[PDB]
Amino acid sequence: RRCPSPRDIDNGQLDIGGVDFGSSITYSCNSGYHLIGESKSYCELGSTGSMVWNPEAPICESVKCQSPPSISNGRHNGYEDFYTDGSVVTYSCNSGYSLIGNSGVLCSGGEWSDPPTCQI
């Protein structure tokens, strides 16, 4: 019974909640990454009644967050063109508004947090 040692994934971790004929594994990324495509393997039979595993290892990469959000009457600073889990950027108005909240913006999880505004 059961299927053979399921396949693995780089920069990711499997969630083997069962390896029985008809079970399913849950694929996930390591940390600060983003798994693309599927995320679950299915223990099934091959073509000649053999043992195999359905879609196991999907995609996985480090959350590359480009230029921070595009606020109104303002913009971001940054020195590079891309960012990842652990990047920061300072925001600034254009015409000359008043940076609302904090100019700093954390880059983590393929997104940005703590974005400011620009009011008079």
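Swiss-Prot numbering applies to chain A: residues 84-203, in that order.
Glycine too: its Cβ is placed from the backbone N, Cα and C atoms.
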Candidate in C126, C143, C148 joined to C190 through a disulfide, as Swiss-Prot lists it: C148
Per Swiss-Prot, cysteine bonded by disulfide to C126 (from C86, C143, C176): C86
Integer Cα-Cα distance in angstrom, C126 (disulfide bond) to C112 (disulfide bond): 20
Proximal residue to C148 (disulfide bond) among disulfide-bonded residues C86, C112, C176, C201 (C-alpha distance): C112
